[PDB]
Amino acid sequence: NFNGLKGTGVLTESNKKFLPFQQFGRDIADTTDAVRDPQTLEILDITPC
Amino acid sequence: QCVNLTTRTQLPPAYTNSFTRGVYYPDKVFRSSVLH
Ligand SMILES: *[C@@H]1O[C@H](CO)[C@@H](O[C@@H]2O[C@H](CO)[C@@H](O)[C@H](O)[C@H]2NC(C)=O)[C@H](O)[C@H]1NC(C)=O
Ligand SMILES: *[C@@H]1O[C@H](CO)[C@@H](O)[C@H](O)[C@H]1NC(C)=O
């Protein structure tokens, strides 16, 4: 869960450069597939297990 | 202290062709190598 965004997956460190105003990233299917961590400001990939 | 100026010059303003500017990020979300 990040900021209320519940889901099951494998987290990984990412090279997707979210700009300062962004918090989540999404795929062509309109689902969140990356999210910056609200405590330490890095971007995490989300992949289904 | 708020004194207006008589020196106003009236002339109809020019038009200019704004080519492809004024796009902005439409929502607070990341997307990449995609058409949306
Ligand atoms: C400054 O000038 C403007 C006009 O450019 C004045 O506005 C006018 O005010 C009178 C009443 O005093 C109105 O009858 C007019 O219709 C107003 N004209 C416009 C174009 O707004 C304004 O009162 C002036 N103020 C000072 C402090 O000189
Ligand atoms: C959490 O808060 C404490 C004190 O307010 C601070 O020292 C700490 O760095 C914070 N955590 C992070 C990840 O910054």
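With neighbour counts taken as other beta-carbon atoms within 10 Å, the residues B:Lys28, A:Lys6, A:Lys16 rank, fewest first, as A:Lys6, B:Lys28, A:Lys16. The eigenvalues of the Cα gyration tensor, multiplied by 5 and square-rooted, give chain A an equivalent ellipsoid with semi-axes of 15, 12, 11 Å from largest to smallest.
Normalised by 2.2 N^0.38 Å, with N the number of residues, the alpha-carbon radius of gyration of the protein assembly as shown equals 1.92. The Cα center of segment A:10-27 and the Cα center of chain B differ in position by 30 Å.
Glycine also receives a Cβ, built like all others from the backbone with ideal geometry; neighbour counts cover every protein chain displayed. Just so you know, all these numbers are worked out from the coordinates, no wet-lab data involved.
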